[PDB]
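All heavy atoms count here, side chains included; hydrogens, waters and symmetry mates do not. Throughout, a chain's letter reflects where its sequence line sits, starting with A, and its residues are numbered from 1.
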Amino acid sequence: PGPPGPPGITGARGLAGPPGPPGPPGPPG
Amino acid sequence: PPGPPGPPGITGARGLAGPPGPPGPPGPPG
Amino acid sequence: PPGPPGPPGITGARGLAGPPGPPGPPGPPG
């Protein structure tokens with residue numbers, strides 16, 4: 001005997017992603 | 001006796017996208 | 001009696017990288 005318990009709680013949200021890559025070169029002076 | 005532990009919970013959601021990258025380098029010249 | 005609850009689901013994947021940064025500032029005066 002013995003029935004399986006309830007499904008566990010859902011996991012936490014993943015960590016925020018890393019910053020995007022550096023931007024492109026700026027305009028000429 | 002009591003049954004076995006339940007199944008693992010649903011996997012968490014993907015994280016938020018990261019922030020914008022740093023500004024680009026200065027334009028020419030040297 | 002029913003069994004204990006299953007373990008918590010695993011944490012989700014990490015977010016993707018953010019957008020590329022903006023354009024850099026103007027170059028130095030000639």
Between side-chain atoms of residues 21-29 of chain A and protein atoms elsewhere (two or more places apart, or another chain), which donor-acceptor pairs fall under 3.5 Å?
none

Heavy-atom proximity to chain A below 4.5 Å, by part of C:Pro8: both
Which portion of A:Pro19 sits near chain C, non-hydrogen atoms under 4.5 angstrom: backbone
Only pairs under 3.5 Å, no angle test: what donor-acceptor pairs are there between chain A and chain C?
from    : atom 1 : to      : atom 2 : distance (Å)
A:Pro3  : O      : C:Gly3  : N      : 2.6
A:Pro6  : O      : C:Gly6  : N      : 3.0
A:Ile9  : O      : C:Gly9  : N      : 2.9
A:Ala12 : O      : C:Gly12 : N      : 3.0
A:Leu15 : O      : C:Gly15 : N      : 2.9
A:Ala16 : O      : C:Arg14 : NE     : 2.7
A:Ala16 : O      : C:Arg14 : NH2    : 3.3
A:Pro18 : O      : C:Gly18 : N      : 3.0
A:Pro21 : O      : C:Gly21 : N      : 2.7
A:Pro24 : O      : C:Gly24 : N      : 3.1
A:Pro27 : O      : C:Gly27 : N      : 2.9

